[PDB]
Each structure stands twice: as structure tokens, then as C-alpha cells.
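What follows is a short report on a single structure.
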Amino acid sequence: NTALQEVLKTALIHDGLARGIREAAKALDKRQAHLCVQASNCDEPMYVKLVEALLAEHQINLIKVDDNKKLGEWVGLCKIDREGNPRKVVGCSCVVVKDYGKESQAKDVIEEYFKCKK
RNA sequence: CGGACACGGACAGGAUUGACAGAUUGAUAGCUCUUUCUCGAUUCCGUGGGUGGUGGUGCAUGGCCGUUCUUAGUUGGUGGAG
Ligand SMILES: [Zn+2]
């Protein structure tokens, strides 16, 4: 439970992402992105087959989560506030990590890759 | 758009920029249109809003200048006249 809860959220503050309706699946076209994350609630079953057709054949792995509404408070557009509303953004299916830039808590995402998923 | 900012919706399962071809036009303005890529949450729309103005009004004014006015005039205080 260490991989999905805490070691990746620190790699989501100010990195390079794929954010919105004209770029949810734009950053998959980049040969510059490391370990990404993917949501298991797509409306059509081939759009996730569309995006794993990039990564899983290649050197890139996805992490499953539930959906792109629990992912909304992670992507960067803050919707919840002291004087705010609960749901003013609906997040992406798949945001990628192109560069960590530092090594605070990144030893477990790379341990997530080649411990059992090899 | 060079209409800041504030309000909600449209913004991640397809908001907003740009652009070659061509019948497009005054025009190598992608203006529009057919076709179709790119840009990355910056925005666009709705509503209140500043804003800019060689737009009005010099009879609402400030500054300035012009003039009788380049001729020798103007004024209190303090007493006196009323
Ligand atoms: Zn008029």
C-alpha cells in the first residue's frame, strides 16, 4: 500500500503533465516520460486499450487507480477551497511523469517496477 | 483585442491559440470556407465591471496665453469728514 498512497504524490507537485480535453492523451506521444498513472473508469473499453498500446509494449508502466474524480485533487487544478465547491474539476484518465527532478521519495516507484512486475 | 478583475456554467470520454493548400480578398489577412494539424489551462461564453477616446462641453473647470493694458495707475493701517 506504500506505492499507491504516498511515494507518487510527492512526484505530482510541479512536474510535466497531461491535463484536459485536448491533451488527456497528448503526452503519450513523448519519448521522455517515466512511470505514469492510469484510471480504471473509462467510458469505452478501447480508449484504455488505446493508451496501453503505447506504454506496456514499451519501457513505460501504468499504475491503476479507480477513476478521474478521485484523481481530481491531484492533477493541480485545485477545486476545493475554504470558500469553495467540492467538484469544480474532473481529472484526467492518465497523467504522466516526464522528470522527477529530485529523489525524495522515488525509491519505491522504481521498486514497484522490478520487484514482481520485472 | 491591446474589454484588467469578480460571479457561474462549459474544461479532462475532446475548453482555447496558430497555419500550408486552394474558388477566399484590396491583399502572403487562415477574414471566411472546404480539408486538416499544432498550441497547452493561458482561456472562451454568460453577468456585473474598469478601459481607451485628436468623442462632446473652454458657458462645468485647472494650467497657460491674449487683451482695455505699455498707457500711469492700485491699496490697507491709523486718525479727520459723513
Ligand atoms: Zn457626436
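Read the figures in this text as sums done on the coordinates, not as results from a lab. Using ideal geometry, Cβ is built from the backbone for each residue, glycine included, and neighbour counts are taken over all protein chains shown.
Remarks
- Condition check for A:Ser93: touching a residue at least 40 places away in the same chain (Cβ under 8 Å), within 9 Å of RNA strand B (Cβ to nearest atom) and among the hydroxyl-bearing types (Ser, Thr, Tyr): yes
- Residue match in the stretch A:68-81 (condition: at positive phi and within 10 Å of RNA strand B (Cβ to nearest atom)): yes
- For the residues A:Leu28, A:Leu35, A:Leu55, the requirement of being touching a residue at least 24 places away in the same chain (Cβ under 8 Å) and within 16 Å of A:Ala3 (Cβ to Cβ) singles out A:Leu35.
- Any hit, the stretch A:97-110, residues being near RNA strand B (Cβ under 8 Å from one of its atoms) and in contact with a strand residue (DSSP E or B) (Cβ under 6 Å, 6 or more places away or on another chain): no
- Some residue of the stretch A:83-94 being under 23 Å from A:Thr2 (Cβ atoms), surrounded by 18 or more Cβ atoms within 10 Å (Cβ to Cβ) and polar (S, T, N, Q): no
- Residues in the stretch A:26-53 that are away from RNA strand B (no atom under 13 Å from the Cβ) and within 15 Å of the chain's Cα centre (by Cα): A:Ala33, A:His34, A:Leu35, A:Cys36, A:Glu52.
- Among (1) on the phi > 0 side of the Ramachandran plot; (2) away from RNA strand B (no atom under 14 Å from the Cβ), the one test that A:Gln59 misses: (1)
- Filter result (more than 13 Å from RNA strand B (Cβ to nearest atom) and touching a residue at least 12 places away in the same chain (Cβ under 8 Å)) within the stretch A:1-25: A:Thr2, A:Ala3, A:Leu4, A:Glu6, A:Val7, A:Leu8, A:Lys9, A:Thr10, A:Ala11
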